[PDB]
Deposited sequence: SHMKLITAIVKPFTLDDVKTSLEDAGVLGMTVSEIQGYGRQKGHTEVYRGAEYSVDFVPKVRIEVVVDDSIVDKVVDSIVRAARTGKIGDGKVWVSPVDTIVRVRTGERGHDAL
């Protein structure tokens, strides 16, 4: 029942995407910079990777909020994918599953 959402997006949409997440009810995420090749050398372009672990009930809304705030209309807007998570543990407590988010 847990899922990982990975978003590759333009760095200047990060603020939009972040509020789009908090409206959806995602209460935190992890961000890193990436170098993206698509349609380092000149062909590489900076992007940000946003990863949020969520419940699977809430994944379509989250994916679409991300899509919604990351949309420019120009090439290189990126992608959002989802992949399974077996378990998640909060380090501080030992809470597992939804209680770990």
| item | value |
| --- | --- |
| Ranges of the deposited sequence (numbered from 1) for which no C-alpha atom is modelled | 1, 41-52 |
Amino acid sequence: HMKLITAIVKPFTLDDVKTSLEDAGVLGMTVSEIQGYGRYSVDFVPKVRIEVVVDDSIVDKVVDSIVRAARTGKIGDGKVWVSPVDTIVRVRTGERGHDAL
From here on, numbers count along this sequence of modelled residues.
query	finding
Stretch with the higher entry mean CA B-factor, where the candidates are 14-22 and 76-84	14-22
Average Cα temperature factor in the PDB entry - higher stretch of 4-12, 91-99	91-99
Out of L27, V63, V52, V31, highest CA B-factor residue	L27
Modelled-residue ranking by C-alpha temperature factor, third containing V48	lowest
